[PDB]
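What follows is a single chain, given as structure tokens, in the form deposited in one PDB entry.
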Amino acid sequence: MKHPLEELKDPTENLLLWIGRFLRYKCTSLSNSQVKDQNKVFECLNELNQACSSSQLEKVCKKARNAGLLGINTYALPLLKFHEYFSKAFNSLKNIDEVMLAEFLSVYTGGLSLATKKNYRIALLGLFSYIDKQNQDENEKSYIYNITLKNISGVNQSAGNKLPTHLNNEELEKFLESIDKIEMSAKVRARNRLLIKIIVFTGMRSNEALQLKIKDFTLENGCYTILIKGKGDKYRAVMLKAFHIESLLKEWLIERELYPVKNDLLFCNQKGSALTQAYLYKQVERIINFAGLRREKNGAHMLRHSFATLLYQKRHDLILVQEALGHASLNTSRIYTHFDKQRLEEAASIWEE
């Protein structure tokens, strides 16, 4: 049902009221695939109704995110920062226009990345669009903000579109060698090296590699076909030559038998559960450091960008890049064409004539 735009005497509390509604609305629409316990999310749902303060909204949203409802983080923090802006420094909610929002973005996201700025703007757009569709007074009249925020700097594409940090061909080989060269304890060496090499050789995402199942591995003519579970019982596939991981895979599978592994996980901690992104990052980063390859990004996804880049350099096949990386949009795949050596060569070689 719709509520009047101004139900409370205090516009600050009234703003908090609409934010709580919007956040609860998003909690029901956003993906809950990473949610381990749906009961916790169900608790968060009604808690967003009984929440009457900024601290409570933040507390619940953190609880929901930590439960597996990850998407809520992109909306919660920015909007609650706006409530702080609106509360500190204005009699009505109608005073809120794009000019006020511009001032808010400047003050709160001024020292933040352009990508973060966009997240704040998108969060604002969603909130006031939600308000525009859910408000209606006793006189059956609705107030329409119609906020679009088009005049804000660095909000469109190509603005702050930082080309993905990655390794080239030579740097990748040095990283591969560094995996086997860096020291690791006997308890984790086989598992960790296998995990990171699979990521390097496939461009697999972090959570994709961490949730890999053994039954999804198929070996045919020296080639592994690895199935990766996606959204809604959907599977995507990647391929990997056996000789890259063959001896290392067998070594880990033997050790794995001494682990209390659950749910047919290929990789797991000592408790048998899937490894975290935190552990995977630190294991990847220390190798990056050891290889003297430290840069703007030093995680597993940086390796993912490296594979995509290498693949285009070697094949110049846009769709092959899409299908291998698992891109839903060719816009994403087209990003890696910006590193096309053969294309860059055409321009740089004009001086040789």
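The first residue of the shown sequence is 1; numbering continues from there. Think of the rigid core as the biggest set of C-alphas that the two forms share within 1.5 Å after superposition.
The segment from residue 89 to residue 90 is interrupted, since 4 to 9 residues of the deposited sequence in that interval carry no coordinates. Stretch comparison (109 to 117 versus 153 to 161) by mean CA B-factor in the PDB entry places 153 to 161 on top.
Averaged over their C-alpha atoms, the temperature factors of 175 to 183 and 138 to 146 are higher for 138 to 146. Taking the deposited Cα B-factors for 166, 262, 241, 197, the highest one is held by 262. In the deposited coordinates, the residue among 39, 322, 306, 313 with the greatest CA B-factor is 39. Ranked against the other modelled residues of its chain, the C-alpha B-factor of residue 21 as given in the entry falls in the middle third. Per the PDB record, residue ranking by Cα B-factor puts residue 203 in the lowest third of the chain. Looking at the C-alpha B-factors along this chain, the one for residue 289 belongs to the middle third.
In the PDB entry, residue 225 places in the lowest third of its chain by CA B-factor. Split the chain's modelled residues into thirds by C-alpha temperature factor. Residue 282 is in the lowest one.
Another form, the form deposited in another entry, is not on view; read the next lines as being about it.
In the core-superposed comparison between this form and the one not shown, residue 341 has its Cα shifted by at least 2 Å.
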